[PDB]
Amino acid sequence: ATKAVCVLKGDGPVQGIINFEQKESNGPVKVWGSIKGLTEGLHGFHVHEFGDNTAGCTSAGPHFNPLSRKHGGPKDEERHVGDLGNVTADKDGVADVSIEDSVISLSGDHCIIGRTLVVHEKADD
């Protein structure tokens with residue numbers, strides 16, 4: 001046809017359908033199932049392993065420069081050993097910010113306070 005029914009040559013037949021039959025066959029098909037199922041499950045949970053395979057050959061392998069950022073940029077470099085919240089927040093907090101508070105509380109709350117509190121428990125002695 002072309003104009004025997006309704007400008008068949010001017011209704012985006014090969015052009016309008018080219019993007020409509022291509023976008024409606026990949027968009028709501030892969031963008032709403034693949035990237036969240038096929039590419040997310042086979043390439044997002046299998047290949048990518050929800051990260052980088054195993055952070056051994058695609059994140060922490062033999063290379064000091066994977067992609068001038070290390071996938072995303074941060075992490076595994078800053079929050080992995082920042083030396084101010086990753087090796088102290090869970091360490092010093094108990095091996096530097098607790099021992100001193102305990103070594104003084106043990107003899108400062110069991111000899112002066114715990115003494116009377118356990119001796120009479122009245123208030124003082």
# chains A, B, ... in the order shown; residues from 1 in each chain; ligands from 1

call {"tool": "closest_atom_pairs", "arguments": {"of": "stretch 20-92 of chain A", "to": "stretch 1-16 of chain A", "cutoff": "12 Å", "atoms": "only C-alpha atoms", "output": "CSV"}}
result
residue,atom,partner,partner_atom,distance
A:20,CA,A:16,CA,6.0
A:21,CA,A:16,CA,8.4
A:22,CA,A:16,CA,10.0
A:23,CA,A:16,CA,10.7
A:24,CA,A:16,CA,11.7

call {"tool": "write_last_selection", "arguments": {"atoms": "N, CA, C and O atoms", "output": "short mmCIF file (atom, residue, chain, number, x, y, z; two decimals), in the first residue's frame"}}
result
data_model
loop_
_atom_site.label_atom_id
_atom_site.label_comp_id
_atom_site.auth_asym_id
_atom_site.auth_seq_id
_atom_site.Cartn_x
_atom_site.Cartn_y
_atom_site.Cartn_z
N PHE A 20 9.20 0.75 17.50
CA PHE A 20 8.12 0.25 18.35
C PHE A 20 8.21 -1.26 18.52
O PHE A 20 7.90 -1.79 19.59
N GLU A 21 8.64 -1.94 17.46
CA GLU A 21 8.77 -3.40 17.50
C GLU A 21 10.13 -3.80 18.08
O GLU A 21 10.36 -4.97 18.38
N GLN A 22 11.02 -2.83 18.23
CA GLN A 22 12.35 -3.08 18.77
C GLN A 22 12.43 -2.68 20.24
O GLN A 22 13.10 -3.34 21.03
N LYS A 23 11.73 -1.61 20.59
CA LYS A 23 11.72 -1.12 21.96
C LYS A 23 10.72 -1.89 22.81
O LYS A 23 10.94 -2.14 23.99
N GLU A 24 9.60 -2.27 22.19
CA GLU A 24 8.56 -3.02 22.89
C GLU A 24 8.89 -4.51 22.92
O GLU A 24 8.12 -5.31 23.45
#

call {"tool": "closest_residue", "arguments": {"among": "A:59, A:19, A:53, A:105", "to": "residue A:73", "atoms": "only C-alpha atoms"}}
result
A:59

call {"tool": "select_by_dssp", "arguments": {"residues": "chain A", "states": "helix (DSSP H, G or I)", "output": "NGL selection string"}}
result
:A and (16-23 or 27-31 or 34-41 or 43-47 or 92-95 or 99-108 or 114-119)

call {"tool": "write_last_selection", "arguments": {"atoms": "N, CA and C atoms", "output": "CSV table (one decimal), in the first residue's frame"}}
result
chain,number,residue,atom,x,y,z
A,16,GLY,N,8.1,3.9,12.2
A,16,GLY,CA,7.4,3.8,13.5
A,16,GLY,C,7.4,2.5,14.2
A,17,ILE,N,7.3,1.4,13.3
A,17,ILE,CA,7.3,0.0,13.8
A,17,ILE,C,8.7,-0.5,14.1
A,18,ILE,N,9.7,0.2,13.4
A,18,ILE,CA,11.1,-0.2,13.6
A,18,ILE,C,11.6,0.0,15.1
A,19,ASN,N,11.1,1.1,15.6
A,19,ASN,CA,11.5,1.5,17.0
A,19,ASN,C,10.4,1.0,18.0
A,20,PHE,N,9.2,0.8,17.5
A,20,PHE,CA,8.1,0.3,18.3
A,20,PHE,C,8.2,-1.3,18.5
A,21,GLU,N,8.6,-1.9,17.5
A,21,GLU,CA,8.8,-3.4,17.5
A,21,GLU,C,10.1,-3.8,18.1
A,22,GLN,N,11.0,-2.8,18.2
A,22,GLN,CA,12.3,-3.1,18.8
A,22,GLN,C,12.4,-2.7,20.2
A,23,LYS,N,11.7,-1.6,20.6
A,23,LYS,CA,11.7,-1.1,22.0
A,23,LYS,C,10.7,-1.9,22.8
A,27,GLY,N,12.7,-3.4,25.6
A,27,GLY,CA,12.5,-2.5,26.8
A,27,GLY,C,11.8,-3.2,27.9
A,28,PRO,N,10.5,-3.3,27.9
A,28,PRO,CA,9.7,-3.9,28.9
A,28,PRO,C,9.9,-5.5,29.0
A,29,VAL,N,10.9,-5.9,28.2
A,29,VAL,CA,11.2,-7.4,28.2
A,29,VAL,C,12.5,-7.7,28.9
A,30,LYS,N,13.5,-6.9,28.7
A,30,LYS,CA,14.8,-7.0,29.3
A,30,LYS,C,15.0,-6.0,30.4
A,31,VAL,N,14.6,-4.8,30.2
A,31,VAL,CA,14.7,-3.7,31.2
A,31,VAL,C,13.8,-4.0,32.4
A,34,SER,N,15.2,-8.9,32.4
A,34,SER,CA,16.6,-9.3,32.2
A,34,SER,C,17.6,-8.7,33.1
A,35,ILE,N,17.7,-7.4,33.1
A,35,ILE,CA,18.6,-6.6,33.9
A,35,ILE,C,18.2,-6.9,35.4
A,36,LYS,N,17.1,-7.5,35.7
A,36,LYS,CA,16.7,-7.8,37.0
A,36,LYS,C,16.4,-9.3,37.2
A,37,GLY,N,16.8,-10.0,36.2
A,37,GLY,CA,16.6,-11.5,36.2
A,37,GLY,C,17.7,-12.2,35.5
A,38,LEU,N,17.8,-12.0,34.2
A,38,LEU,CA,18.8,-12.7,33.4
A,38,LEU,C,20.1,-12.1,33.6
A,39,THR,N,20.3,-10.8,33.4
A,39,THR,CA,21.5,-10.1,33.6
A,39,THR,C,21.8,-9.9,35.1
A,40,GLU,N,20.8,-10.0,35.9
A,40,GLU,CA,20.9,-9.8,37.3
A,40,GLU,C,21.1,-11.1,38.1
A,41,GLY,N,20.6,-12.2,37.5
A,41,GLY,CA,20.7,-13.5,38.1
A,41,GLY,C,21.8,-14.3,37.5
A,43,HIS,N,24.1,-12.8,35.3
A,43,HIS,CA,25.3,-11.9,35.2
A,43,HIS,C,25.3,-11.0,36.4
A,44,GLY,N,24.3,-11.1,37.3
A,44,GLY,CA,24.3,-10.2,38.5
A,44,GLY,C,24.4,-11.0,39.7
A,45,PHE,N,24.1,-12.3,39.7
A,45,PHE,CA,24.2,-13.2,40.8
A,45,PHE,C,25.2,-14.3,40.6
A,46,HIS,N,25.3,-14.7,39.3
A,46,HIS,CA,26.2,-15.7,38.9
A,46,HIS,C,27.6,-15.2,38.5
A,47,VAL,N,27.7,-14.4,37.5
A,47,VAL,CA,28.9,-13.8,37.0
A,47,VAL,C,29.4,-12.8,38.0
A,92,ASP,N,40.1,-0.6,68.7
A,92,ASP,CA,40.4,0.4,69.8
A,92,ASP,C,39.3,0.6,70.7
A,93,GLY,N,38.0,0.7,70.2
A,93,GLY,CA,36.9,0.9,71.0
A,93,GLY,C,36.8,-0.1,72.1
A,94,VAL,N,37.6,-1.2,72.1
A,94,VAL,CA,37.6,-2.2,73.1
A,94,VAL,C,39.0,-2.5,73.6
A,95,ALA,N,40.0,-2.2,72.7
A,95,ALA,CA,41.4,-2.5,73.0
A,95,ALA,C,42.1,-1.1,73.1
A,99,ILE,N,39.6,-0.8,77.9
A,99,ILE,CA,40.6,-1.3,78.9
A,99,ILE,C,40.9,-0.2,80.0
A,100,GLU,N,41.0,1.0,79.5
A,100,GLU,CA,41.3,2.1,80.5
A,100,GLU,C,40.1,2.5,81.3
A,101,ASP,N,38.9,2.3,80.7
A,101,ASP,CA,37.6,2.6,81.4
A,101,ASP,C,37.3,1.5,82.3
A,102,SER,N,37.9,0.3,82.1
A,102,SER,CA,37.6,-0.9,82.9
A,102,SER,C,38.7,-1.0,84.0
A,103,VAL,N,39.9,-0.7,83.7
A,103,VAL,CA,41.0,-0.8,84.7
A,103,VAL,C,40.8,0.2,85.8
A,104,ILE,N,40.1,1.3,85.5
A,104,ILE,CA,39.9,2.3,86.5
A,104,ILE,C,38.6,2.1,87.2
A,105,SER,N,37.6,1.5,86.5
A,105,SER,CA,36.3,1.3,87.0
A,105,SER,C,36.3,0.0,87.9
A,106,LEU,N,37.2,-0.9,87.6
A,106,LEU,CA,37.3,-2.1,88.4
A,106,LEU,C,37.7,-1.8,89.8
A,107,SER,N,38.7,-0.9,90.0
A,107,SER,CA,39.2,-0.5,91.3
A,107,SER,C,38.7,0.8,91.7
A,108,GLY,N,38.0,1.5,90.8
A,108,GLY,CA,37.3,2.7,91.1
A,108,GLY,C,35.9,2.6,91.4
A,114,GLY,N,31.8,0.3,94.9
A,114,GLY,CA,31.3,-1.1,95.2
A,114,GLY,C,31.5,-1.6,96.6
A,115,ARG,N,32.5,-0.9,97.3
A,115,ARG,CA,32.8,-1.3,98.6
A,115,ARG,C,31.7,-1.0,99.6
A,116,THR,N,31.3,0.3,99.6
A,116,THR,CA,30.2,0.7,100.5
A,116,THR,C,28.8,0.2,100.0
A,117,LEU,N,28.7,0.2,98.7
A,117,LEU,CA,27.4,-0.3,98.1
A,117,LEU,C,27.2,-1.8,98.4
A,118,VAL,N,28.3,-2.5,98.5
A,118,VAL,CA,28.2,-4.0,98.9
A,118,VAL,C,28.4,-4.2,100.4
A,119,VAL,N,29.0,-3.3,101.0
A,119,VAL,CA,29.2,-3.4,102.5
A,119,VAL,C,27.9,-3.1,103.2

call {"tool": "decode", "arguments": {"residues": "stretch 31-72 of chain A", "atoms": "C-alpha atoms", "output": "PDB file, in the first residue's frame"}}
result
ATOM      1  CA  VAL A  31      14.720  -3.738  31.177  1.00  0.00           C
ATOM      2  CA  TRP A  32      11.943  -5.252  33.286  1.00  0.00           C
ATOM      3  CA  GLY A  33      13.082  -8.858  33.563  1.00  0.00           C
ATOM      4  CA  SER A  34      16.579  -9.327  32.162  1.00  0.00           C
ATOM      5  CA  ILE A  35      18.561  -6.614  33.943  1.00  0.00           C
ATOM      6  CA  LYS A  36      16.659  -7.767  37.027  1.00  0.00           C
ATOM      7  CA  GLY A  37      16.581 -11.474  36.234  1.00  0.00           C
ATOM      8  CA  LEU A  38      18.757 -12.710  33.379  1.00  0.00           C
ATOM      9  CA  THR A  39      21.548 -10.136  33.611  1.00  0.00           C
ATOM     10  CA  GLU A  40      20.897  -9.751  37.338  1.00  0.00           C
ATOM     11  CA  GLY A  41      20.694 -13.467  38.064  1.00  0.00           C
ATOM     12  CA  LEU A  42      22.994 -14.962  35.438  1.00  0.00           C
ATOM     13  CA  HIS A  43      25.251 -11.908  35.214  1.00  0.00           C
ATOM     14  CA  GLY A  44      24.286 -10.213  38.466  1.00  0.00           C
ATOM     15  CA  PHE A  45      24.205 -13.171  40.843  1.00  0.00           C
ATOM     16  CA  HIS A  46      26.231 -15.749  38.912  1.00  0.00           C
ATOM     17  CA  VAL A  47      28.903 -13.839  36.993  1.00  0.00           C
ATOM     18  CA  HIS A  48      28.997 -10.625  39.026  1.00  0.00           C
ATOM     19  CA  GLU A  49      28.137 -12.688  42.104  1.00  0.00           C
ATOM     20  CA  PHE A  50      26.303  -9.669  43.514  1.00  0.00           C
ATOM     21  CA  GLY A  51      29.655  -7.897  43.413  1.00  0.00           C
ATOM     22  CA  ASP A  52      32.737  -9.040  41.514  1.00  0.00           C
ATOM     23  CA  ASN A  53      32.717 -12.824  41.129  1.00  0.00           C
ATOM     24  CA  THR A  54      34.518 -13.410  44.428  1.00  0.00           C
ATOM     25  CA  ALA A  55      36.543 -10.253  45.048  1.00  0.00           C
ATOM     26  CA  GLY A  56      39.580 -12.326  44.124  1.00  0.00           C
ATOM     27  CA  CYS A  57      39.876 -12.193  40.342  1.00  0.00           C
ATOM     28  CA  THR A  58      37.695  -9.167  39.595  1.00  0.00           C
ATOM     29  CA  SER A  59      38.118  -6.796  42.539  1.00  0.00           C
ATOM     30  CA  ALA A  60      41.094  -7.921  44.621  1.00  0.00           C
ATOM     31  CA  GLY A  61      43.164  -9.873  42.115  1.00  0.00           C
ATOM     32  CA  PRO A  62      46.714  -9.370  40.796  1.00  0.00           C
ATOM     33  CA  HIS A  63      46.382  -5.688  39.900  1.00  0.00           C
ATOM     34  CA  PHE A  64      46.760  -2.365  41.715  1.00  0.00           C
ATOM     35  CA  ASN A  65      44.563  -0.623  39.142  1.00  0.00           C
ATOM     36  CA  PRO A  66      41.467  -2.486  37.879  1.00  0.00           C
ATOM     37  CA  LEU A  67      39.541   0.529  36.587  1.00  0.00           C
ATOM     38  CA  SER A  68      41.080   3.573  38.266  1.00  0.00           C
ATOM     39  CA  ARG A  69      38.391   3.252  40.936  1.00  0.00           C
ATOM     40  CA  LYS A  70      38.010  -0.440  41.772  1.00  0.00           C
ATOM     41  CA  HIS A  71      34.380  -0.818  40.701  1.00  0.00           C
ATOM     42  CA  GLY A  72      32.356   2.097  42.039  1.00  0.00           C
TER      43      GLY A  72
END
